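Asker: here is my input; please provide its structure:
(11 chains, ligands or ions: 37)
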Amino acid sequence: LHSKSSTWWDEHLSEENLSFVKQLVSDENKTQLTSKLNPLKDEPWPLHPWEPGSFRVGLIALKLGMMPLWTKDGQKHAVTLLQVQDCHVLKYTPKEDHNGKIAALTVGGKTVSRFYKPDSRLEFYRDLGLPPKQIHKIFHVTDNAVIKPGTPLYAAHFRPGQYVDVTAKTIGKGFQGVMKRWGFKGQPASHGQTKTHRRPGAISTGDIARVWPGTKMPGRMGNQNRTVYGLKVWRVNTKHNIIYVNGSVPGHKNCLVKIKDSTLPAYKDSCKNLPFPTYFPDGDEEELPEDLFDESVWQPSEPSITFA
Amino acid sequence: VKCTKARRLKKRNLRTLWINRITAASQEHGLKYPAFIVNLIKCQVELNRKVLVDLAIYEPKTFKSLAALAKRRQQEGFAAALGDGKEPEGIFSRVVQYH
Amino acid sequence: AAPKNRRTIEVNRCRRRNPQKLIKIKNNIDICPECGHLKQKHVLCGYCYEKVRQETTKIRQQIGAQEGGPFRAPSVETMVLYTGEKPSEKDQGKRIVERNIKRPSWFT
Amino acid sequence: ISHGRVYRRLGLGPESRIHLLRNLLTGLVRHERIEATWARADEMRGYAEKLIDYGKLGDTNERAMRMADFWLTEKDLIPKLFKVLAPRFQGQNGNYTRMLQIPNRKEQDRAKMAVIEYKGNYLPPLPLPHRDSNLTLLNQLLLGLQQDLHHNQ
Amino acid sequence: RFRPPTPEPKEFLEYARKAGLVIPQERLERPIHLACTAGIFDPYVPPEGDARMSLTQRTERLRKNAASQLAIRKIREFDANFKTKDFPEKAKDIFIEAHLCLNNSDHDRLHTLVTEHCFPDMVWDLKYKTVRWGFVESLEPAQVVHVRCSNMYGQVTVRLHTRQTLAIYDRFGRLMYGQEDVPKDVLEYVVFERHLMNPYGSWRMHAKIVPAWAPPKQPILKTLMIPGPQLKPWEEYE
Amino acid sequence: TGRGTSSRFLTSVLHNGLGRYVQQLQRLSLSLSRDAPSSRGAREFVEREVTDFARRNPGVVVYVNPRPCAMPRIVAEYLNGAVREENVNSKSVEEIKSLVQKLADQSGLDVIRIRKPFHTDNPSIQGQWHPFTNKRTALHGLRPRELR
RNA sequence: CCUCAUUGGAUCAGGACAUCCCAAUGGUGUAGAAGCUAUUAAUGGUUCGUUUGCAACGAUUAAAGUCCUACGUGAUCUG
RNA sequence: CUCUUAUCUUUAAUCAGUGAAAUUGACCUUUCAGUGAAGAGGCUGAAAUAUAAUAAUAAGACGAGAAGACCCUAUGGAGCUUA
RNA sequence: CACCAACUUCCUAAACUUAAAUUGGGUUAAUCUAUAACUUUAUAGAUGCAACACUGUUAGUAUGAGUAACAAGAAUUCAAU
RNA sequence: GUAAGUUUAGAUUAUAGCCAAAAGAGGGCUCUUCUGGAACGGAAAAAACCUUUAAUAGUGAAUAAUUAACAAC
RNA sequence: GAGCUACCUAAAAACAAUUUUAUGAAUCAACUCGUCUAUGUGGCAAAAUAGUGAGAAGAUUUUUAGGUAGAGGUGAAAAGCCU
Ligand SMILES: [Mg+2]
Ligand SMILES: [Mg+2]
Ligand SMILES: [Mg+2]
Ligand SMILES: [Mg+2]
Ligand SMILES: [Mg+2]
Ligand SMILES: [Mg+2]
Ligand SMILES: [Mg+2]
Ligand SMILES: [Mg+2]
Ligand SMILES: [Mg+2]
Ligand SMILES: [Mg+2]
Ligand SMILES: [Mg+2]
Ligand SMILES: [Mg+2]
Ligand SMILES: [Mg+2]
Ligand SMILES: [Mg+2]
Ligand SMILES: [Mg+2]
Ligand SMILES: [Mg+2]
Ligand SMILES: [Mg+2]
Ligand SMILES: [Mg+2]
Ligand SMILES: [Mg+2]
Ligand SMILES: [Mg+2]
Ligand SMILES: [Mg+2]
Ligand SMILES: [Mg+2]
Ligand SMILES: [Mg+2]
Ligand SMILES: [Mg+2]
Ligand SMILES: [Mg+2]
Ligand SMILES: [Mg+2]
Ligand SMILES: [Mg+2]
Ligand SMILES: [Mg+2]
Ligand SMILES: [Mg+2]
Ligand SMILES: [Mg+2]
Ligand SMILES: [Mg+2]
Ligand SMILES: [Mg+2]
Ligand SMILES: [Mg+2]
Ligand SMILES: [Mg+2]
Ligand SMILES: [Mg+2]
Ligand SMILES: [Mg+2]
Ligand SMILES: [Zn+2]
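Answerer: Residues are numbered from 1 along each chain as shown, chains lettered A, B, ... in the order given. Ligands and ions are numbered 1, 2, ... in the order given. Coordinates below:
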């Protein structure tokens, strides 16, 4: 037929070429990712010193899960594990184009296949010389903290003792009622209640002869962007690029999250101690220990706690 | 019923249109509409509002002369009233009597 | 709750001719190379499959005649042979189903 | 919310689901090629795979016998499972069942259908989707690329 | 309340076909009347080489008078004016005039110039069509070639060699078979007939005889596809 | 009824008055009955008034057709091609005489809403108003706030 | 000569401020602590039971405000 | 009940077949303040405003229904009791 | 130191001066009959003589709505197993 | 200054108003009498207030009423 | 018009098991009835369904045929019943 037809990467490939293309595409991922492993030796942009009021870039990480953790005081803290995975700087804007006072950096993590993606996204990455990433996000960065595109970022970018903010899409609950969506009391089970147990009561008053905008009603619950503020970093695993963040993080396991320094008033200028542009392992000024801990943390393999 | 009633509102709406267009044309030469209409009458010119609009749109040079004429008659009026007593009447304030 | 007003054809014509309610055109229709009949890309050909099942029913008919009753399933492998074919050494000790027709070209 | 649940709700309830799948499995073992609705055939495929594993355990295994006894309502099939199907699939580590989609049922319900079979059976081969030949234009260009890449290190 | 379900009964055939019915044959009280007989009493075999001749044939008929002239006597017995000398000309008049009707489609006149075995073989495949038949000069004069007789019918095959033009069109005026205006020479044998008994019987064109040794006719302009055998999944091609 | 009907502008057939005035009506057809009460008044029009009308209008061709008739009818044809038909059933001589004269004076142009009482092809003598008339120029044509 | 007949609750609450608690202040017959009076402010909050047919109490609270929305709200439910 | 929760079936929803009912002046069917008889999508003045569906809620259209209630009227009835 | 504005009035042509139960008068659609007319008319005589509305009657077709609601246990070699 | 009025003959319908203003009587309301009103303009929307002799065509004109108004030894 | 229902006449039927006794006694089926709640409300049904309940050898229940008729009949009186 002289009409539109559908195609996908595998339609015309033979049995042998099916394996060959798979190995080739994975081969390219290897070479491209090892080209960018050395930022400081590839014309790094000038590195300005830290000044008060600076905001540096953040990372995109995958949610591994939760585990228990203890402090030297014996308290148990439930902690979430975030893995920084194929995180690169992707695009830079200046203050003018972003229209904010501050500039913008777009980061991206969790490389994905190239086979079911629009041509537009693939061209964007081919210019940058990176395999495609699962998600983009935007970070507000001051001019001193700008980092050149194509620069990888690592869990060591964060250090134990700093507080952080995580934003991710919450678990979806589908279309829900009014009791489970907004915690409405509902109506009694017995004593004459007829076909009204979990229903909303009166919508509004009789006078206004309408329903106010923003009235809470049954609808689709979850799958929204939410942020958690002021989560402490208890430990960083440099070998696997794992960050231990106090408490709960929005989203399901294997959900990508946005990690950046906390914007709460208390920790206004705490990034003085942290690597200001970012943590460069290519610099190799000093080789980090595999596990970084916060001082209060009780490390395993230590003597059992005796509150003498 | 609407067609019959619009027949009489048509004549008042066109007069509103003519006045708006006349005010536009006179303000170009610096005259408010009341002054232009009144002082033209005092010169014994009986052009109506429909005809005045045609002059403004299609005869800009002739309309400009009328504005000067109406301004001159207005200027004469101020002098005549401002100077109390017997002062010779303005050249353009002369009224041609009929019998 | 009952309608307060009759709904006009102009209102109704917008509802039932909206694109959300129209039949979507299909891009996954293709031809079978062997028979030249139409098929969808991800589903088997309904004409070539029809050939196989009609032959399968014939074979299953013959199996029933050999068994002669319920609960007579063999404990050994089965094989189907067509006129002009004889069991090989590997075919020894396996139930043999015999078909009058010649070996079909597709069947191997 | 049905996140993470790995079963379809079929039949009159949980027990009815098992019995419906049990009959389909019994038919599959006897005939080795069955037509059912796509959803039901998909639900029964998992049990078809695991049943062969139990047969591999062996005739003398008591747990296999009890499981085989439950699932095969016709008891003549029990020798078939242990002495025919299991010997056939000794080499394989999995993927004993082949399931494909066939046109919609022409019976006024227009059900989505599937043909499920055990691999290696004696029936006429199904008309499977066959990939293109290496002689096609696109394949040759890819084949040309492969030769250069391997030969040049 | 309600209204009753009346069943509310080219339609009787379906009614009785679905229901099924015993249709006993009926003896027609009035015998059907035939003014012409299907077929030719004796199909004249055209001698080989009778064409491409650029009177000898008439002599051969005089020899066949044993089986033909006796029939002429019968033709005279009922009319006494049928002379094969003048008949050739009259035959042409029918032929030429009859074919001309097709242009106008004056089916009324044809019924008076052709029998009930030629009208269905002249108009049936021309409904929703606009033929244009014109007669160019006749190469050679017409000649009687065979006279046979059987209530009592007589057929006088005539041989004509003429040049004609045909330009059949579709409903939409598009050309379908022929050239708009180009003469072609044709040697066709026509079989006239008459109902001797009827007082109001005359000579009308009955049928035409096609020699096996005739050249093939001009083909249609359009190109045809002849479908091959259609096979159900059971069947296989051979 | 204005929005429910067509409209046009004031016009003349061929600039009728510029060079010479030409009468638009070009033909009158009157059909009558010799003996029919409805056509009595039309009959008197033929007896008395038809000839005088014909002489006054020498460019109008008049056809009078006495025939067995049910309604007497007047058909008027114009140069521009318009055709107008009138029932003359049971009308007096005065009415028919009045009607016939109205037809002669009319033009073939359709009697529908006329948008404007006036019409000119040369509306302006001194130049049509455009926004720049009554705007004074500037030295070197400098637009406002331009530095130069 | 006598007379007499819409409103609770549940759910969800929108609003007024003539402010019950929380917050900022003036005065005192304000030593401190408790209070009294007035200005300002509508911010979020303003409990659970028993006997009750309207009240009558118990134990709490920083407080258990006063009113308007056709008992605010019966095509949401109930006495 | 505090204080709700999980599972399964029904229904729901999507696909195929069949196919009602009350209801309906016309509708190209918005929010606020005013006016008004307790009263406004339609009036006055501001304001808001690409267009059509699908699934939900029930504030309003003094939403729709039944032979429901209440007072009064007729020189309209009827049952019952008597002094 | 005024302009604007309700045919209030003037002007060109005309016209002759103010909710509604009820009252006086002038025409007229349709059909039939008398006598005429002859592409559908005239003068008379007649009448079941004119409907945007009675929760009107009959029939038709919409709206609600392709909505509410309705139905066949499974596989196979199919008055079968 | 102006054109109506009485009698004779025939005849129905009507017999519950509405709001403003003025004077009384009962006791804010409620009775009684006197005056006006029933826009298409103005008063915001506006039956009852103010401007308005009937109803006509016109791409003329003059006008009426017209929610506006300019702390004080 | 008493094929429903009220009452009656005649001729016929049904009541297991268990405990008491010697029964308008007890527990509880079949059977008869219809207490309370929910569903349903153009419903499966113009009075039902699902549970829960009352009686269950008697003033019991059921079958067949006959009788009483509107100023009337019937009524363990609810002004009930009489298609
Ligand atoms: Mg609850
Ligand atoms: Mg419930
Ligand atoms: Mg509102
Ligand atoms: Mg005006
Ligand atoms: Mg619309
Ligand atoms: Mg889900
Ligand atoms: Mg799932
Ligand atoms: Mg509130
Ligand atoms: Mg206050
Ligand atoms: Mg309500
Ligand atoms: Mg509802
Ligand atoms: Mg459907
Ligand atoms: Mg709209
Ligand atoms: Mg309002
Ligand atoms: Mg508005
Ligand atoms: Mg739907
Ligand atoms: Mg509503
Ligand atoms: Mg009375
Ligand atoms: Mg009475
Ligand atoms: Mg007037
Ligand atoms: Mg009136
Ligand atoms: Mg009538
Ligand atoms: Mg009608
Ligand atoms: Mg109605
Ligand atoms: Mg009606
Ligand atoms: Mg419909
Ligand atoms: Mg609906
Ligand atoms: Mg449904
Ligand atoms: Mg009885
Ligand atoms: Mg017993
Ligand atoms: Mg007892
Ligand atoms: Mg009991
Ligand atoms: Mg008892
Ligand atoms: Mg009784
Ligand atoms: Mg009683
Ligand atoms: Mg009854
Ligand atoms: Zn095929």
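Asker: tell me if the longest helix along chain D is near chain C.
Answerer: Ranked by residue count under DSSP state H, the longest helix found in chain D is helix D:38-57. No: contact of helix D:38-57 with chain C (CB under 8 Å from any CB of the partner chain) is absent, the minimum separation being 10.1 Å. Every residue, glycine included, has its C-beta placed from N, CA and C.
Asker: helices or strands next to that helix in the packing?
Answerer: With contacts defined as 3 or more CB pairs under 8 Å, 6 or more residues apart in numbering or on different chains; DSSP states H and E, the packing partners of helix D:38-57 are helix D:14-31, helix D:62-71, helix D:86-88, strand D:97-102, strand D:113-118.
Asker: list of residues touching the last one?
Answerer: For strand D:113-118, contacts defined as CB atoms under 8 Å, 6 or more residues apart in numbering or on different chains pick out C:44, C:49, D:28, D:32-38, D:41-42, D:44-45, D:48, D:52, D:85, D:96-105, D:123, D:126.
Asker: swap the cut-off to 6 Å and go again
Answerer: The contact list for strand D:113-118, computed with CB atoms under 6 Å, 6 or more residues apart in numbering or on different chains, reads D:32-35, D:38, D:41, D:96, D:98-102, D:105.
Asker: quick one: residue A:36 and residue A:148 touch, right?
Answerer: No: at 10.3 Å, residue A:36 does not count as touching residue A:148 under the criterion of CB atoms under 6 Å.
Asker: what residue is smack in the middle of chain D?
Answerer: Residue closest to the average C-alpha location in chain D (CA atoms, centre = their mean): residue D:97, at 2.5 Å.
Asker: what ranges do the strands span in the stretch 151-300 of chain A?
Answerer: With DSSP state E, counting those that start in this stretch as the definition, the stretch 151-300 of chain A shows strands at residue ranges A:152-153, A:163-169, A:174-176, A:219-221, A:225-237, A:242-246, A:256-261, A:291-293.
Asker: dump those to CSV, plus mean neighbour count and distance to RNA strand J.
Answerer: Written out in CSV, the entries for those read as follows (neighbours: other CB atoms under 10 Å in any protein chain shown; distance: least, CB to the nearest atom of the strand, whole Å):
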stretch, mean neighbour count, distance to RNA strand J
strand A:152-153, 22, 64
strand A:163-169, 20, 50
strand A:174-176, 12, 45
strand A:219-221, 14, 40
strand A:225-237, 18, 46
strand A:242-246, 23, 61
strand A:256-261, 23, 53
strand A:291-293, 18, 72
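Asker: just to revisit the earlier point, in the longest helix of chain D, what's buried?
Answerer: By neighbour count, and taking 16 or more other CB atoms under 10 Å in any protein chain shown as the criterion, the buried residues in helix D:38-57 are D:38, D:40-41, D:43-45, D:47-48, D:51-52, D:54-57.
Asker: JSON lines for the residues you listed, including distance to RNA strand I?
Answerer: Supplementary listing: these in JSON lines, determined by distance: CB to the nearest atom of the strand, whole Å:
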{"residue": "D:38", "distance to RNA strand I": "11"}
{"residue": "D:40", "distance to RNA strand I": "7"}
{"residue": "D:41", "distance to RNA strand I": "9"}
{"residue": "D:43", "distance to RNA strand I": "12"}
{"residue": "D:44", "distance to RNA strand I": "10"}
{"residue": "D:45", "distance to RNA strand I": "14"}
{"residue": "D:47", "distance to RNA strand I": "14"}
{"residue": "D:48", "distance to RNA strand I": "13"}
{"residue": "D:51", "distance to RNA strand I": "16"}
{"residue": "D:52", "distance to RNA strand I": "18"}
{"residue": "D:54", "distance to RNA strand I": "21"}
{"residue": "D:55", "distance to RNA strand I": "20"}
{"residue": "D:56", "distance to RNA strand I": "24"}
{"residue": "D:57", "distance to RNA strand I": "26"}
